[PDB]
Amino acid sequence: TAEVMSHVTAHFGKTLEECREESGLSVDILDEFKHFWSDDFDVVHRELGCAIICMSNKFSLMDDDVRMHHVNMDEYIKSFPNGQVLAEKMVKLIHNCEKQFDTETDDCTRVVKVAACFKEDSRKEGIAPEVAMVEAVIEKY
């Protein structure tokens, strides 16, 4: 659900700053990872694709070929409150996007294209949070 995705996003986003330099991702492109979900944030930059690889690697969410590791992703998602309601759909949805971009061999570019597809399909399927839901989790600390 969108509520569960708010919790996943809020945690996953903590590795933005440590990944920023190696990804070449300007603060001007993305200042805080929660804005990935803004209606009018365009998910396009190769650097954001590099960042997402870097951030995923932190939680072993990539397989040897820089695609989603399905098992590790499922285990990560279920580590959040009610995570089991989202885990099957989210993997299925991401993997469907990956198949559509399998002919992009540049890893950063492939991953940003996959991210954009995942964002758009997440809205269609009802698992996209609003920024405010993401902030509400972050703000509990």
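Residue indices: 1-based, along the sequence shown.
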On average, are the C-alpha B-factors higher in 59-67 or in 28-36?
28-36
Which has the higher mean CA temperature factor in the PDB entry, 37-45 or 88-96?
37-45
Kindly indicate the residue among 19, 127, 10, 117 with the greatest C-alpha B-factor in the PDB record.
19
Residue 79: C-alpha B-factor third of its chain, per the entry, is the lowest
What third of the chain, by the recorded C-alpha B-factor, contains residue 72?
lowest
